[PDB]
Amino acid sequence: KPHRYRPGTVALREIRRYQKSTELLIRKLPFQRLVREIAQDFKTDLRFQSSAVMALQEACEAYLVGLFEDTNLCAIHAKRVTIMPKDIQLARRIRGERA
């Protein structure tokens, strides 16, 4: 009976959808709960402005979107279309995030 797109076509459509949009891609509550756990190891009983956490999220996603561009390039360099941990690790060594 059913319909089935070939593997990779829903993927490209998702690539097009999300590159033409600007909404935040990590859902709000899990991110805010992440942010407060990490903050707590540095300083306790901390309050946050909504905008502070909103900015923290804007930066993380922008950083991660960028890292996936660079990882992608590394993947393709080794004749793959799949990003693997070794690709992320190479992009950060070249960005000096590893030094």
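Numbering starts at 1 and runs along the sequence shown.
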Q) According to the deposited model, is the average Cα temperature factor higher in 67-75 or in 26-34? A) 26-34
Q. Between 41-49 and 55-63, which has the larger average Cα B-factor in the PDB entry?
A. 41-49
(Q) Where does the C-alpha B-factor of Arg80 rank in its chain, lowest, middle or highest third? (A) lowest
Q. In terms of the CA temperature factor given in the entry, to which third of its chain does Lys86 belong: lowest, middle or highest?
A. lowest
